[PDB]
Structure formats: C-alpha cells, structure tokens
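Coordinate inspection notes
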Amino acid sequence: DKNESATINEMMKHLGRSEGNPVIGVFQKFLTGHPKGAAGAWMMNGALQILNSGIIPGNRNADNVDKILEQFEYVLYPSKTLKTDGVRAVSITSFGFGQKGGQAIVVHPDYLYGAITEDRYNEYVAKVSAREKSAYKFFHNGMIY
Amino acid sequence: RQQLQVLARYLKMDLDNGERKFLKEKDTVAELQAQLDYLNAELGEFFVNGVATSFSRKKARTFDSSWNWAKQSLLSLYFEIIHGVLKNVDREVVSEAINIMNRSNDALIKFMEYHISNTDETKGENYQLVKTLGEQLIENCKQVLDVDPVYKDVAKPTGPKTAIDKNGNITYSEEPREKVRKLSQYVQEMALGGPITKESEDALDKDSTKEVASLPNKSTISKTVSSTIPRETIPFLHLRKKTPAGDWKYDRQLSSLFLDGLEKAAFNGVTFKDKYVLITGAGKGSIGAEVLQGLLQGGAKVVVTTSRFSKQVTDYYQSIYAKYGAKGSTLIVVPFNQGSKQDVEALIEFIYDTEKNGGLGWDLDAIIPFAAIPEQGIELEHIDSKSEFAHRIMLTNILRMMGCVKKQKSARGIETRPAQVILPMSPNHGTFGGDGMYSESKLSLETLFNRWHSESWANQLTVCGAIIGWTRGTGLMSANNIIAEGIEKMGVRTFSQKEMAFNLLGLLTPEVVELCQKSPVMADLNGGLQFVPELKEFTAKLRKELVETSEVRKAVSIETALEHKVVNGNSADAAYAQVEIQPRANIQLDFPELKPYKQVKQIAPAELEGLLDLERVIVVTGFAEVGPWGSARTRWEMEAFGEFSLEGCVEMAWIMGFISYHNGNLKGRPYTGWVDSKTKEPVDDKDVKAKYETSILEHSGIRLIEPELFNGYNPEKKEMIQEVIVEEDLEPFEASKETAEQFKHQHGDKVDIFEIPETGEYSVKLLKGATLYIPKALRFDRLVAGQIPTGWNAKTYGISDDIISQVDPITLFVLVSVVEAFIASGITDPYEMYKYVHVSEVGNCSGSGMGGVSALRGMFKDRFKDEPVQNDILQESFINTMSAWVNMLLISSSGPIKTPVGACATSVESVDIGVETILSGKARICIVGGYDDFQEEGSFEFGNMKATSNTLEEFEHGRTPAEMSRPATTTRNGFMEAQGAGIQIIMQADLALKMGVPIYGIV
Amino acid sequence: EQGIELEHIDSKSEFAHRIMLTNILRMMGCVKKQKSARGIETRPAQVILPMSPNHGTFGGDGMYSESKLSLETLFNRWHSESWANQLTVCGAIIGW
Amino acid sequence: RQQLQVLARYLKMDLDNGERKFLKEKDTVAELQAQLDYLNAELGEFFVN
Amino acid sequence: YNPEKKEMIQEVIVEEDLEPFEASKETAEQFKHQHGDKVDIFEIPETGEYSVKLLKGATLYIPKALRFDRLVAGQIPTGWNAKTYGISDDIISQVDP
Amino acid sequence: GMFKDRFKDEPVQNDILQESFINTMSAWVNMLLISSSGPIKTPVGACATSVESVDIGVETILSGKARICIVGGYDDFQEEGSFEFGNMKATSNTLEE
Ligand SMILES: NC(=O)c1ccc[n+]([C@@H]2O[C@H](COP(=O)([O-])OP(=O)(O)OC[C@H]3O[C@@H](n4cnc5c(N)ncnc54)[C@H](OP(=O)(O)O)[C@@H]3O)[C@@H](O)[C@H]2O)c1
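Going by the PDB entry, chain F carries the name Fatty acid synthase subunit alpha and comes from Saccharomyces cerevisiae. The title assigned to this entry in its PDB record is "Cryo-EM structure of the yeast fatty acid synthase at 1.9 angstrom resolution".

Chain C carries the name Fatty acid synthase subunit alpha in the PDB entry, which gives Saccharomyces cerevisiae as its organism.

The structure is reproduced here in structure tokens:
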C-alpha cells in the first residue's frame, strides 16, 4: 500500500497533476480480498462501474489512514462512497509477485462518441437498444431455467 | 485376571494408581465447585458474569487521520450541494463548514481551491451555490489556518412534543423550539430561569453561505448574559457555593462565570486543544456521545470506552472521528467493563504507560465517568445482583478509577496537572423509586466534594459535580420521554442530549477548570426541575392523563368502527378498502446509458470527429465476475452501497441456491415464482430480504473458511503425516496379492507377505525397522478467506455434471464469468461474432497465477495416497486449460490464445496482451481477465511467506473477518486470500459500433 | 476503615460498604417481603438508621461516608416505593 | 509387560482408563481454579473471605 | 526418483494397538489432535517427552512401491551443474532447478 | 515441495510457493542479470509456450513497448508429471518399446 501510493504519487507529480487535485483511491479488496490472478479483473470491473455511474465507492475498512501516506499529496483515501458528477478516467494498478507491475487506464465511453457522426451514433444507439432488450430476455430465461 | 495380577505384582505396576488419582481430583473439583457455588449464591449470576474483563491493550483503536477526513468531508459537501441534497437553507452546511475549518491546513486549502476554482458555475444553480459557498469556506480556512479548533454547535434546539392521534397512538417527536433557534438564545433562556425559579442577527435557516462567512469572526460581547439574570431568580443552569454551615446554595457570581462561558462558547466556540480526556458511557444515544463529539471538535485527545466493542461500534466511532475530529484531535476506542476492578486498573495503566511499554503515554486532564446500566422496576425488596453490580459501576469503580489516576500521577510526581472529574450527579435521590441502587450511587458521589479537602489527592484530581437534569433520549431516561412536554408547561426545562452535552462542555472551559482547581464545583444543570413539588406524583399523573386518553380513544374508535360495520355491512367498506402492490425484483443488466448525440458531442473536443482510427481504439463491451459477493452486479451493490437492493437480494438468493423458480402446480394451486429450494414453499420477492438476507450476508464475502467448500479443509485441523520407524512388528493384516507385492517391493526385508491358500489373499506383516506414516494435525492461523458465496453451484448457471466432474473448480468460475461477460455485451450466442469477424479473429488472453490447484493436489497428493484421481488430472491443472475449455464449450474460435501468468497482476497483463493482440491485427475481439482458486496448500504457503494476515493476531486486536482486509490503514498486516474470476470482453471500437454492443469504457 | 483514602479503596472498603449499606437495604427488603407474604400491613418495623454527620469530612475512612450518605435515600424511597406500610424510616444522625 | 498387555487385551481391560479420567479432572480443576482466582482478583481476599 | 520403484502410501485401519513410541509434547499433541480417541498420549515425568499409543481403529499410512513403465527421458547430461556456469550456491539453494 | 514434502512434514523453504510460479523464472532473470523495467508477459502454452512467447515478444516490440525481448520456454521433468503423462497415455510406454 505504501509502494503503490508512492508510485501513483510520483506519476502524478512528474506529469504536473495540479496541486490540490489528488486521485481518489479505491481499494476494492477491503470487501473482496485478494484473489491473486483475478485481482485486476475485479478492479477493472469496478473501474467500469465507477465510470458508468460516477459513484466512487469508499473503503469502509479505512478506519485510520496510515500517517506515512499523508506525504502523498496526490492521493486521497475515502472511507465512504462519493456520488460525483462524473468520472472521466480510472487508473488500475497491479503489483504481482515476481516484479509483475501493471497499469491500465480506462476512459469514459462517452469520449468515443465524439469521434463519430450523428448518423453513425444513432444507428449504434438503435442497435444497442435492440440488443439490450434481447439480452434481458436471455438473461431472465436463463436465470429462472 | 489372576495371571495379569501376578505379572502386575512382578512388574511393580500399581493398576489402580490412575483410578486413585482420579478420585482425589474429583474431590478437589467438588471442593472448588462448592467455593464457586457459594460466591454465586452471595453475589448472584448477574454480578459474577458482570465483572468479566473486556479491556485489552491490543484492542485499542486509534483514530487520528483528520488530515485525510477533512478532504473527504469537503468533497462530500461539494457533491451534496451539486446534487441538491444540501441547500443554502440547511444548517448541515454550516456544521460541515465548522468541521472543515477545524481541520484547516495548507493541503486542505489547495484541495478546496482546486475543486472550487475548477467548478463551472454555468452548469446550473447548484454549481453557482457550491462555487460561492466554496469561495467563502476557502476564505474561512485561510483565516483559521493557525487558530485552535472549536466546539461550536449550530444545530436547531429541539423541544419535546407528544401527540395522540384520533385512533389513540402516542407519537413522541423532538420539535424545533419557537423562541430558541440558536445556542446563544438557549443560554439567554437558561439565564432568565422561569417564574417557578423565583425565590423570595444571523442568516441560519435562510442563507447558510452568509452564516458560513460569519464563522471566523469572534463576536464581541458588549453586555454579558449574566447581567440579564433577574434579581431573586435562579437560572435553570447555575453553580452552587458551599456555605460555612455546609449547605450548597445558588451563587450568582459563580453562576455568572459559568453562564458567560456558555454564552462565549455559543458565539465563538471553545477549544479543547491539548486536553486529554477519558470518557466512559459514550455509546450512541448517550449524553456522553454528544460530549465526545464536542471534545473532538475542539481538538481534544480522547479515550472512549465501550462495553459493546464490535465492528458496528468501532465503525460508529470512526464515522464520528471522520466527521468531527479536528486537527490535533485523537480518538482511542477501547473495550472496557467499568464493573471490573481489573479493567479499571488496566485501562488507567494503559493510558499512563509509555508508548515503549505499549501505553498511550498520556496524562489526563479530564475524566468523564458516565458508564451506567438501567435498573428499572427494582424497589428496595428487589435489590439483588444486578443492583449491586450497577452500584459497582456507578460508584465503587468510579472511586477506584479516580484512585488509579491519583496513583499514576503521584508515582510520576505530577502535582500541577490535575484531572477534572466530571461527576454525573442526579437530583434523583430516591424520588422516582424502582431504580435499584441508582439513587445510592448518585448520592454517594457527593462525598467527593468533602473528600477533596480531607484527603491527599486534591493536587491530582479536581471535583466537578454536574447535577444533570432531565435529558431526553438516553439509555437511562428514554422510558420517560412521553411526558416531557407536560413537565415544561410548569415553566421548567428538559434537555436534549446536545444541550446537556453543551452544558457539560461548559465545565471544561478554562474558567471552570480554574474554579475546580480552587475548590470543588457543583453545577446544577437541572432546568428548575427541583422547584416542581411532589415530582414523582406529578409525572405519574401526566403519564395516566396520556395513557388513559390513548387507551380510551383506541377503544372508542374500535367500537365506533364495529357499530358502523354492523349498521352498514361489508359493501360500505369493500369500495373504501384499497389494493396494495408489492414490488417484484426486476434485475437489470445495467447497460450504459446513451445520451442524445448533442450532449455526447459536447464532452469530447470538436476536432476528435474523424481523427481516430476506431480499429485501434479498444473498448470493453462486457464484463463479469464470480467472487465472494457473487456477480459483478451484487458485488457492486455491496461495494458502492453496503447493502442489497431487492434485485441484489433475489440475485444473491438465486446464486446461493436459497430460492429456485417454479412454474406449475404447487400443492393444488398453480404457482409461478420463487420457492424455497429446500421446502419448496412459495417466497414472495418482498420476503426474500427478511427470509434470507441474514444468511446471504453470513455466507458471502470474507468469512471463516467453510470446510465444505474446500473438500473438508479445516485450517484448525490441518492433516500432515509423520514418518516413524516401527519399533515392534505390527499385527498382520490382509491385502490382495497385487497390494502385498507393492508392500514387499517397498519394504524388502522389513515386511513379510504370505499367500493365505484358502482365500488367495495375502497376509502382510510389517517388521521392526519398517517405515510407517502416522497422520498428525496442525492448527494453522489463517482461518478466514474471501470465498464464493456458500451454495454457488455451476449447475445453477446451466453447467452440466459431466463438465463439473471433468474440470478443476477454477474452470467453472471462468466458464460462468465468460458467459456472463458475453451477456453483459448483449452477445447471448457467441457464434454471432462470426457474422462480423473471421474465426481467426476472436482471441482469449485471460490467465491465472496458479491455475487448477485442485488438479495439482490430485497429482501431487491424492495420487501419492493412491486415492481415485481421474487419469487426465494433469491437463486440468494447466493455466491454459481454462481458456481451452472456454473455446471447446462456448466460443469455437481459431483465434489467438495467449495465456498470461502474472501472479496478482495477471488480469492487467491479460488486458495488455489483449490490447496488443487487437492492435497487431491478430484479433478484433479478445477475452481478457484472470482467475484463481483458494485451496489449503496455497493458503499454507502464503502464510509461511507471511504475505497473508494471521487471523489469530487479528482476533487479539478484536478484528472480525469483515475488517481483516483494511488497505492503506495504520494497522494493515497482510492480505486476505480470496478466489474467483473476472472477465472482460474487449474489442475494436469500430466493431463494437457495427455490432451494436454496449461500450463500458475505452482501454 | 482507618487510613483508607480514595486511592486505597479496595476489598475491605467494598466489603464494609456491603455491610453498612447494601445488606441494610437487603435486610429491610427481607423484612418487607416477610411482612407482605403474611399480609401484615398494620405493624411496620421502625428502622433506626445509623446516619452520620461525617460525609467525607475526616477522610481516610474508606467507603464509610458513602455508606452513611447513601442511607439518606431511604427518606425519599419511603414515599416513592411500596414498602411504607411494612417499614418506617428513622434516621438517627449520631453524634461524637 | 508384553504378557500383561496380551492378557489386558483378552480381558478387555483398559489399563490407562484411570490415568485418562485423572487428566480430564485435572483440567476441570484448573478451569474452576481460574474462575475462583478471577473472582479473588476482582473482589479481593478480604471480601471473598 | 526411480520409476521402477515409485513410492505411494496406503491408508490402513490399525486392527490392534501399536507399541507406544516416544515423541515431544508438541508432536504428541498433534497426534492427539488428529486421532482423538484413537490415540493416547502420556507425559513421561522424568524426561518431559510423551508416549504415543495409537489404538485399534486409528488410520496409518504404509508406504508401498509401484513399478511404472516410463523408464526413459531426455535428461540434461549427467554432471551438468549450474556452478560450472558461475551460478552461486545461494541461488542454487533458493530457486527451482 | 508444497503439495508433498510439506504434507510429510519434510524441511521445505518457507518461500517455496514463489519458486513454483511460472513467472518466477523471469523474475530471477531480471533480479540477477537484466534489471529492466520493461514488459513482462509470461505465457503458458503447454508444448507451444515457446512459439506463444515469440508471438508475444514480436507484438510487444511492434507495439513500441520494448525494443529487445527475451523469448523462449522452459520446463522440467519430474516424477509426478511423468506419471500423469503416462496416465494420459501421451508418452511412450518403455516396456512396450
Ligand atoms: N437524565 C439523564 O440521562 C441523567 C440524569 C442525571 C445523571 N445522569 C447520569 O449521566 C450518566 C450518563 O447517563 P446517560 O443517560 O447518558 O446513560 P446511558 O445513555 O445509559 O449511557 C451509559 C453508557 O454506559 C455504557 N456502559 C454500560 N455498561 C457499561 C460497563 N459495564 N462498562 C462500561 N460502559 C458501560 C453503555 O455504553 P456502551 O454500550 O458503549 O458500553 C451505555 O450507553 C450516568 O452516570 C447517569 O446516571 C443521567
């Protein structure tokens, strides 16, 4: 938790992240524990759910934040869920045994739609709407049978 | 028997030695049990059980990260205003401003400046509101950067209001007082007293932003509230002075000092910076709780005790600290039984012991010993175990606690830092009756006023006797709330816990602290109650007048309804009666919301259109998981909200096999819906929560390892084998020829095998010097894991028994995650991908850190013990076999297959591989993610590497399973192992748009 | 209880307080229960309580003062509870 | 000793039955003595006696 | 490893009590934890060691050997040693071959 | 070590688990020799691992994440895998040979 905070903090400092704009830390493993190889995948799923909701879950086991972490001015450690007015991007970081470091950045899907025309977008919206209805149909049939 | 006796005698073996020792110890047991029985008969069970220790140093929880909580509080306020949850008329805005100012530091100010300066006021009215409030709060925080934090309560004062409805239900409600809308006006009301106590501008509730702008401004008090105290009127709150005769009487001068302090507190706030306080009896709903909140708001360092130390209680105090803990404040929460003399001494030793010795290294400034238990319906003749125990808590152990502090201070030569003891005195000295030894406890505390002068502890302790008035809502007084409006009609005062706390916090102001150092202080906080003659009878009359009115109205309304029913029949009330709709769970897939093009066009820059190669933009189109909280949907509800919706509860009940669907005849009648999986009884969706939620929460998430989920693995009884050299030949045993020859091959001369000619079986005779293995059990100290919910079953999802029997369990987590990720992508038939892409263009880049560890156990351990293991177990172990089964059962691609192994970073390595596979043109769609299982062997080794938290150490610290995983915390001490899988479906954006699949994110 | 200041209050003082307060209340309670079990409402027992002017004035007497001052609740409890017909309260403040 | 063991087994005599009962009661004694010790530490000798 | 003599263990229920053997207190208590009523352990007061007495009905494992029919492999040349290349004994002792 | 030696209460180094991981060999390479902070993508591909390695290395270099990539594969022979490849009848039976 110290190395990861220090790493994120150094990335933010080097890239000139604004003073007073810490990244909000999410610590999903407070709830799930550490499933080894699945760890990043659960975090990525979380990240996607954060992006699409704007809801930043709090670390409800963050009783007392380690005072050593106060030096990391670009990190904030929430204990409670924050309903934001939007999250644009999420960083996912992983540190495996055997020097396996990783980072993924996920960007809010609405930034894709500025790349296309209104007709392409509207065609897509209609297709997705139809697919979603068919998926609900499939899901409830599958669940109950 | 005679031959055995002769040999016993030759060998000098006393055969009866053990039965003789046994009968001596059985007599010792009966003697000890008689002593215990006698003490139980003398003290009673309540007392004997009651004096059990609770305190341990390792359970002490320290809260000090106010530097972090300030920023959280700001961001919460910021979003609450933006979302319209807090308006410019809410006092909560002002209260949060005060708590943010109390934590003002340079980092907080930069934080606020960034958030407020980057607020776009044109986005709406709420944005303009947050921008204006935020700019004012910044100015406040700059002014108080180097100022001591203050206790300053701005909550609306609440009066009691009892209501009896037409049908004789009694509603007790705390209602805003008309005359008293701030604490400054409360102090004015207290100063003026009432006719019964006669012997012979602000923007609150209209503009919170204006009220916030006023908060740093130390208001000058021209004429003190004490000058307004009428001649020959005793204020509702006053100090008393001991007369030369030895009576305690109202003292105008002392009372003026106290009331002026309260007035200053109410305008300017009071600091408690550098006060070290022990408080007992500060649970939720207590007076002490409100005292605690003020002390933390004023920067105190506080030890708070609890007799109910639990996760719920530590989370309660955490939320108090995070909201009210000012800069320099600290909250220490300790389990404590004030009924235990050992706890009292241990607690005080802990407080005074050096940090090196594991103590706090504190010296107390104040002791607030408010621990109490209710004694109700206990008259003189009923005084028994409970009352004796209550009297130990409320008197004896208060004296012992004071004594302990005196001994600690005197042992260290501290003669110039006395601890102020705020004694919870009562006007109730046997006036109400039925309260056991309550009155005796409270009256006995009054000796301390004289003992302060007569003994040798005055330099270590000061005495502040608070005579606490009628305080609504507490453990001791909640049973008396209904009559309080009536009592106040006498021109007398009852108190909220907030007001009483404010009154008591007035005793910790520098002026009262100095007064108690000169001589004991007696503070009457009784709200004129003493001037109501024959109080008990007065309260019993108000109670009857209310209960009689309730019961009469109930009876008269029931009979008037029955009369109307008889005269007008069923047709009159059938058309009046109305149908209730109970909700059914409608589980949603939570596809992303698509905005109108015009809105979506405003977020990205205009130049972005046509700029990107959308074949090189990777999107996530679907995701799923199987983990300790079920699916991605249920885990998100628990993560984000801490509780399940109706949809989440029904999903979890289905996942866990609690409920099953039923369509057809059920006990004659046709039924469509959920039934209990065991009983087959119908279950309404609305009842799933009451019926199953407790079970769902107990058998989900991080919890004690369940042996039934891990092939009977029991960490408390871990099976090992120990090699032993046979010292003497074993009794022959029978084996087949085949097996006998395998024994002979192994042992050679250390075994003899002989055909039994009759049966064709073989005798096997292990000889002296042969090697055996004897099972032995080890207690392992990792007892807890994040386990998939008890009752999860791949068959619930549709996976056949043939697959279940073939594959490692990890493979079932993956197969479920993959189908669920495809459903989250709206792809219900994976072969639909092949309408859009070649079979060469669908990849699997998911992986695992360890793979099919149950299959590894099979080949390394089960095979060695000659247990039945499938012949192809090895293949089910391979990290890439899960992806092979996915392809073989579901996808049928001929696309890339790049299986990463990256331990804890596998899932991110997966995404990196999937991304690069798609950008290289090898795939257009890639299954990415990760999976791992929990089993005995890996748990043991992560324990030997000390990577995981030791559960026994956690239990010593009073941690429950739900709090063992506490990232970024001071006391974090290793990870909590879990199991499961996660999967995403990634694709080229161009293809996601053409297919019309949901897009959850851009990688 | 001699030479027992606040900080020395221990086993002896708790025991003394049981004798001098708690078990006086229990004794009164027992008499009340015996009289009430037999329907005796017209023959109250006068309890002569050994009260003291010493409420922590001398010091060093353990829980003596607490025992003696606590007996003064009985003056109010006589009115507030249901034992007045079985017991009467006579508080003797005993001098030097 | 071996002959005594064989006879003990023929007779279905558990030779260790008494030492086994003894060690169960010795644990019961220590549990009761801990309860008494705890009450003495809470009330003190003066009070308990 | 000798494919001609592959070591397995076979679970056998003790039909008759074993000769007592000596074990440390720690080990004796691990035997007792495993076997419960199927074992008796007794302090030997002189030495502080424990007698362990496995009783009728207790589970034992008896080594047995299987002849396996894969006798040949492509093996790195006999005498290959990482030290010949320069790898230290500390690395050799830490890592899998 | 962790499945069998630990079960027989044999001496096994406390960090045996880490030495089992497929990616630990690459970690030791980096820790003893290379000291890079470059990509680390450890494939598992049974008999095709080394070709999967090359495909990953190639794509890592073409993506611009690396300019140099250590590619290849490794595996050991031990009793247990030999036995299981025999139970799957994948290997030649020496006695039939
Ligand atoms: N009107 C009034 O309420 C009034 C009037 C005059 C005087 N007082 C006095 O004010 C003080 C507080 O009154 P209150 O009404 O706030 O009482 P309360 O709400 O009953 O609170 C007392 C707290 O003591 C704790 N406690 C219980 N048993 C304990 C034990 N064995 N060891 C440690 N703590 C224990 C409980 O908190 P946990 O559950 O956290 O352990 C309980 O909530 C008392 O001494 C009372 O006599 C009250």
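Our focus in this paragraph is the sheet that holds strand β12 (residues 521-525) of chain B. All names here are of chain B. Across the sheet, which stays open at both edges, the ten strands sit in the order β1-β8-β7-β6-β9-β10-β11-β12-β4-β5 with mixed pairing between neighbours. The two strands at the open ends of the sheet, each matched to only one other strand, are β1 (61-63) and β5 (248-250). The average angle at which neighbouring strand axes cross in this sheet is 25°, direction not considered. When strand β11 (residues 461-468) meets β12, the two strands line up parallel, connected through five bridges. Note that in β12 the partner of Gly465 across the bridge is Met522. Its contacts with the sheet place helix α12 (residues 311-324) against β1, β7 (301-306) and β8 (330-335), and it is angled at close to 15° to β1.

This part takes up the interface of chain D and chain C. Tallying the contact residues gives five residues for chain D and five residues for chain C. Here chain D meets chain C over a buried area of about 480 Å², counting both sides, of which 73% is carbon and sulfur. The largest share of the area that chain D buries against chain C comes from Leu43(D), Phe46(D) and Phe47(D), three residues that together contribute 93% of it. At the junction of chain D with chain C, the criterion picks out zero salt bridges. In this assembly, chain D and chain C are joined by three residue pairs in polar contact. Classifying every residue of the side of chain D that touches chain C gives three nonpolar, one polar and one charged.

The subject of this paragraph is the site of the ligand. Residues and elements named next belong to chain B. What surrounds the ligand is a group of 26 residues, the closest being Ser307, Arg308, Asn337, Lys442 and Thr474. Note that an oxygen atom of the ligand is positioned 3.2 Å from one of the side-chain N or O atoms of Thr306. Residue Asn337 places a side-chain N or O atom 2.8 Å away from a nitrogen atom belonging to the ligand. Protein coverage of the free-state accessible area of the ligand, which is 880 Å², stands at 93%. When contributions to the shell around the ligand are tallied by element, the ones reaching two or more residues are α14 (385-411), β10 (419-425) and α15 (438-444). Classifying every residue of the shell around the ligand gives 13 nonpolar, eleven polar and two charged.

So, about the arrangement of the chains. The assembly contains nine pairs of chains in contact; the pair sharing the most contacts is chains A and B. Over all C-alpha pairs, chain A and chain D never come within contact, reaching a minimum spacing of 34 Å. Regarding chain D and chain F, the two do not touch, and the least distance separating their C-alpha atoms is 29 Å.

Right, let's get into the interface of chain A and chain B. Taken together, the contact between chain A and chain B spans 96 residues of the former and 131 residues of the latter. Contact between chain A and chain B buries roughly 9,700 Å² in total, counting both sides, with carbon and sulfur atoms accounting for 62%. At the surface where chain A touches chain B, the tally comes to seven salt bridges. The residue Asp66(A) makes a salt bridge to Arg972(B) at a minimum N-O spacing of 2.7 Å. Across the contact surface, chain A and chain B share 65 residue pairs in polar contact. Going through the elements one at a time, α2 (29-32), α3 (39-53), β4 (82-83), β5 (89-96), β6 (100-107), α4 (110-113) and α5 (118-144) of chain A are the ones with two or more residues in the side of chain A that touches chain B. Here the side of chain A that touches chain B takes 16 residues from α5(A), the largest share from any one element. Of the residues assigned to the side of chain A that touches chain B, the class counts are 48 nonpolar, 28 polar and 20 charged.

In this section: the pairing of β8(B). Residues and elements named next belong to chain B. Among the six residues of β8, six are classified as buried, and the element is accordingly described as predominantly covered. Burial along β8 is two-sided: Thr330, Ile332 and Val334 facing one way and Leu331, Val333 and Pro335 facing the other are all buried. Sheet analysis places β1 next to β8, joined by three bridges and oriented antiparallel. Note that in β8 the partner of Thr62 across the bridge is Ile332. Here β7 pairs with β8 via six bridges, running parallel. Across the sheet, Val302 pairs through a bridge with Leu331, a residue of β8.

About the criteria used
- Sequence order as written determines residue numbers, which begin from 1 on each chain and need not coincide with the entry numbering; residues that lack coordinates are not included.
- Numbering of ligands from 1 and lettering of chains from A proceed in the order in which they are written.
- As shown, the structure covers only some chains of a larger assembly, and all values describe those chains.
- To get the side-chain values, take all heavy atoms of the structure and skip hydrogens and water.
- Two strands qualify as a pair provided that DSSP identifies no fewer than 2 bridges between them.
- The secondary structure listing takes helices from DSSP runs of H or I that are at least 4 residues long and strands from runs of E that are at least 2 residues long, numbered from the N terminus.
- Axis definition: a line fit to C-alpha positions, over the contact stretch in the case of helices; interaxial angles, taken between N-to-C directions, run 0 to 180 degrees.
- Whether two residues are in contact is decided by their heavy atoms, any of which lying within 4.5 Å being enough.
- Reported buried area values correspond to the accessible surface (1.4 Å probe) lost by two parts on association, with both partners' losses combined.
- One side-chain nitrogen of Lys or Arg within 4 Å of one carboxyl oxygen of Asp or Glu is enough to make a salt bridge.
- Whenever a nitrogen or oxygen atom comes within 3.5 Å of another N or O atom, the pair is scored as a polar contact, on the condition that within protein one atom can donate a hydrogen and the other can accept it, and that pairs from neighbouring residues in sequence are kept only if both atoms are in side chains.
- Classes in brief: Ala, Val, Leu, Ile, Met, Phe, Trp, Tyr, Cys and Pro nonpolar; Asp, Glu, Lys and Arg charged; the others, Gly included, polar.
- The nearness test applies per residue and asks whether one of its heavy atoms lies within 4 Å of the molecule or strand.
- Under the convention used here, a 1.4 Å probe and the Shrake-Rupley method define accessible areas, while residue burial counts only the protein chains that appear.
- Partly exposed residues are those whose accessible area sits between 20% and 50% of the maximum for their type, while under 20% is buried and over 50% is exposed, using a 1.4 Å probe and protein chains only.

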